[PDB]
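# Close look at the chain arrangement
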Amino acid sequence: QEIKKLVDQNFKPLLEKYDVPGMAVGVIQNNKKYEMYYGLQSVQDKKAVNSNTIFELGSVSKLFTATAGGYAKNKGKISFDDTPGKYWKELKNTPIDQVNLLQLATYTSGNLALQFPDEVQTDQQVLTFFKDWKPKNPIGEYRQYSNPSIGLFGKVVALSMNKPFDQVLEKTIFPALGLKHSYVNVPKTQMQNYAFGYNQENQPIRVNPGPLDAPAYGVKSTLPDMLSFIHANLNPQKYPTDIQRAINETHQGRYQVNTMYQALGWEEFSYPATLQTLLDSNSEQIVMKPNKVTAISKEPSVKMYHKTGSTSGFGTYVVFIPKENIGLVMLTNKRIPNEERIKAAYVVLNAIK
Ligand SMILES: *[B]([O])([O])[C]([C]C1=[C][C]=[C]C(C([O])=O)=[C]1)[N]C(=O)[C]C1=[C][C]=[C]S1
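Residues numbered from 1 in each chain as written, not as in the entry; some residues may be left out. Heavy atoms only, no water. Residues with missing side-chain atoms left out of burial classes, pairs and counts.

For this coordinate set, the PDB header names X-ray crystallography as the determination method and states a resolution of 1.88 Å.

### Side note on the packing of aromatic side chains
Put simply, the test is: Stacked, tilted and edge-to-face pairs are distinguished by plane angle, under 30 degrees for stacked and over 60 for edge-to-face with tilted covering the rest, among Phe, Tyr and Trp rings (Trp via its six-membered ring) whose centres lie within 6.5 Å. Secondary structure counts use DSSP, requiring at least four H or I residues in a row for a helix and at least two E residues in a row for a strand, with both numbered from the N terminus. Burial classes follow relative accessibility: with a 1.4 Å probe on protein chains only, a residue under 20% of its type's maximum area counts as buried, one over 50% as exposed, and anything between as partly exposed. Put simply, a charge is over a ring when the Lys NZ or the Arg CZ is close to the ring centre, within 6 Å, and near the line of the ring normal, within 35 degrees.
Counting across every chain of the model gives eleven aromatic pairs. Relative to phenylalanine 314, the ring of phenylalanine 55 lies with its centre 6.2 Å away and its plane at 85°, an arrangement referred to as edge-to-face. Of this pair, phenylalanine 55 sits in strand β4 (residues 55-56) while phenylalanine 314 is found in the loop between β13 (303-310) and β14 (315-321), placing the two residues 259 residues apart along the sequence. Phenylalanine 55 gets classed as buried once you look at its relative accessible area, which sits at 1%. Overall, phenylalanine 314 belongs to the buried group, its relative accessible area being 0%. Cluster of aromatic residues (ring-pair linked, three or more members): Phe64, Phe174, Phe229, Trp266, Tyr305 and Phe320. We note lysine 73 situated over the ring of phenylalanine 80; from NZ or CZ to the ring centre the distance is 5.8 Å. Here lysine 75 stacks its cationic end above the ring of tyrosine 71, 5.2 Å away from the centre of that ring.

### As for the nonpolar core
Selection rule: Only buried residues count toward a nonpolar core, which is a set of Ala, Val, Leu, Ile, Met, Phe, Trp, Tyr and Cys residues joined through side-chain atoms within 4.5 Å. A contact between two residues is defined here by any heavy atoms of the two lying within 4.5 Å.
Membership of the largest hydrophobic core comes to 69 residues, with the highest contact counts inside it found for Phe64, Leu169, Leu177, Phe229, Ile230 and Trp266. No other element matches helix α9 (residues 223-234), which puts seven residues into this core. When residues no more than four places from it in sequence are discounted, the contact partners of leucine 169 are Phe64, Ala68, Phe174, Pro175, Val184 and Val219. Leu278, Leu279, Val319 and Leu328 belong to the second-largest nonpolar core, a separate cluster that totals 35 residues.

### Some words on the packing of helix α1 (residues 3-10) against helix α13 (residues 338-351)
The criterion, for reference: Helix axes are fitted only over the stretch in contact, all axes being lines through C-alpha atoms; the angle between N-to-C directions runs from 0 to 180 degrees. Any angle that is under 35 degrees is reported as roughly parallel, and any over 145 degrees as roughly antiparallel; angles of 65 to 115 degrees are reported as roughly perpendicular and all others as oblique. Handedness of a crossing is defined here by the sense of rotation of the near helix relative to the far one, left-handed for an anticlockwise turn of less than a right angle and right-handed for a clockwise turn. Classification convention: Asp, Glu, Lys, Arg as charged; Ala, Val, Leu, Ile, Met, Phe, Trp, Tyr, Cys, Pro as nonpolar; all other residues, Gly among them, as polar.
In the contact formed by α1 and α13, the axes pass within 9 Å of each other and the chain directions differ by 155°. It follows from the interaxial angle that α1 and α13 lie roughly antiparallel. Read as a crossing pair, α1 and α13 show a hand that is right-handed. Seen from α1, the contacting residues are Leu6, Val7 and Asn10; seen from α13, they are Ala344, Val347, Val348 and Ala351. For the contact of α1 with α13, the class distribution of residues is six nonpolar, one polar and no charged.

### A short note on the site of the ligand
Applicable threshold: Working definition: residue near molecule or strand if any one of its non-hydrogen atoms lies within 4 Å of it. In the analysis that follows, any N or O atom pair within 3.5 Å is treated as a polar contact, provided that within protein one partner can donate a hydrogen and the other can accept it, and provided that, for residues neighboring in sequence, both atoms belong to side chains. Surface accessibility in these figures is a Shrake-Rupley result with a 1.4 Å probe; residues are shielded only by whichever protein chains are displayed.
In the vicinity of the ligand, 13 residues are found, and the nearest of them are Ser59, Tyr145, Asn147, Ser310 and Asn338. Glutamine 115 has a polar side-chain atom sitting 3.2 Å from an oxygen atom of the ligand. Between the ligand and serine 310 there is a distance of 2.9 Å, counted from an oxygen atom to a backbone nitrogen or oxygen. Relative to its unbound accessible surface of 490 Å², the ligand loses 80% to contact with the protein.

### So, the packing of helix α3 (residues 61-74) against helix α10 (residues 241-251)
Orientation of α3 relative to α10, taken along the N-to-C sense of each, is 120°, at an axis distance of 7 Å. Relative to α10, the element α3 is oriented oblique. For α3 against α10, the interelement crossing comes out right-handed. Packed against α3, whose contacting residues are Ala66, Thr67, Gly70, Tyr71, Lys73 and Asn74, the element α10 presents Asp242, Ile243, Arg245, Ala246, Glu249 and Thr250 at the interface. Its residues assigned to classes, the contact of α3 with α10 shows four nonpolar, four polar and four charged.

### Remarks on the environment of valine 186
By the element assignment, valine 186 lies in the loop between α7 (165-176) and β6 (197-198). Once the C-alpha coordinates of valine 186 and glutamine 256 are considered, the two residues, 70 residues apart in sequence, prove to be 36 Å apart. Excluding its chain neighbours within four sequence positions, the residues that come into contact with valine 186 are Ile54, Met191, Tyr194 and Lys220.

### Some details on the environment of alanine 345
You can see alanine 345 is positioned in helix α13. Once the C-alpha coordinates of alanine 345 and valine 25 are considered, the two residues, 320 residues apart in sequence, prove to be 9.6 Å apart. In contact with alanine 345, other than residues within four places in its own chain, are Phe11, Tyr317, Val319 and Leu328.

### Notes on the side chain of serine 281
Examined against the element boundaries, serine 281 turns out to sit in the loop between α11 (275-280) and α12 (284-288). Side-chain polar atoms of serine 281 contact the side chain of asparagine 282, separated by 2.9 Å. At 2.9 Å, the side chain of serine 281 and the side chain of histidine 306 are in polar contact. Not counting chain neighbours up to four residues away, the residues in contact with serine 281 comprise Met260, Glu267, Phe269, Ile286, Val287 and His306.

### A look at the sheet that holds strand β1 (residues 22-29)
We count it as follows: Two strands pair under a simple rule: DSSP has to find at least two bridges between them.
One open sheet holds the nine strands; their spatial order is β3-β2-β1-β15-β14-β13-β11-β10-β9, and the pairing between them is antiparallel. Single-partner strands in this sheet number two, and they are β3 (47-48) and β9 (255-257). Two elements, β13 and β14, share six bridges in a ladder whose sense is antiparallel. Paired with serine 310 across the strands is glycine 315, a residue of β14. Sheet strands in contact with α1 are β1 and β2 (32-42), and its direction is about 40° off that of β2.

### Quick notes on the pattern of salt bridges
To keep things clear, this is the line we draw: For this document, the term salt bridge refers to a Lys or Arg side-chain nitrogen within 4 Å of an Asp or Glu carboxyl oxygen.
In this structure the tally under the stated criterion is six salt bridges. We note a salt bridge from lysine 4 to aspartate 8, for which the minimum N-O separation is 3.2 Å. Of this pair, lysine 4 and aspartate 8 both sit in helix α1, four residues apart, which is roughly one turn of the helix. For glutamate 249, the salt bridge goes to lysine 73, with nearest N and O atoms at 2.9 Å. Taken together, the residues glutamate 249 in helix α10 and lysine 73 in helix α3 connect sequence positions 176 residues apart. Under the relative-accessibility criterion, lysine 73 is labelled partly exposed at 30%. The network of salt bridges with shared partners includes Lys73, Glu249 and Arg254.

Here's what the structure looks like:
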């Protein structure tokens, strides 16, 4: 194959350009996996990145939250027209027991920001924050990307299965996806495999506990595991029917913001997509500001899906195209610009032609 050469030409230069210590790039094509490893999981230890290296997925964790929601919608445990009060008994008749589970999951409450305020930390300050919530935009009309929005979806999904969110992933979702080294909490036996992240001053760091962190950005995984996740997204037919259902649920577009369709967790596009369309989904306009949605008008015949993710120390990108039977995963232990991630992947996936 030329896959190794294409990844070297497009991903490898980025390590020197952004002083990234380590990178794992995976490609899956026609059911065959390719794994490319570069550099170091730990600078101080001179430990090489390899197939056992655990990275922070950041906002790619939202795809797991969405899958978890899809699984609970299919076991009859929740409905996407329901509201959080039906599960968080404590939150009835507040202006937020008026937002649906789908609207939380898809960022359209109309007044929820990217982050909680710093003072919000304990379970008791989170329970308190949602009661005081009040609308601003007409519900359902405006997309603002948001950790609290999908985090609340996550806790509500977990209440429905009667389990804390971490056990829903580690006991139900991850095993159903055949993932063997994916974690919300990395155990002791695996700590030697958890990479250091590196901040913009090249100091070693890992993610800080934060409010509703697990459902919004708290999953850690390996390249083989993410390639399996992509495999399952490219082929849900082979998987247990419960998880198959869950997966198809995350692929359904719910609304448009120009050329971007919002699905559950995933961002969806018409394929082939221009580079600029993919970059727009990660523009300041799209990620950081409110944008008014529209109903899907053009239902694309052939679709592709992506998502970026970051913690302070780590970068992640995942993209797949069902009807070329291909996909790519990039994991780094230092952030690089979202646009760089999206472009390299673009060149590589087009060249496997
Ligand atoms: B998630 O990765 O989308 C989410 C929000 C975020 C943080 C940094 C950069 C982007 C981006 O450009 O798309 C998005 N991540 C987190 O909340 C964890 C953090 C990462 C950095 C500071 S907190």
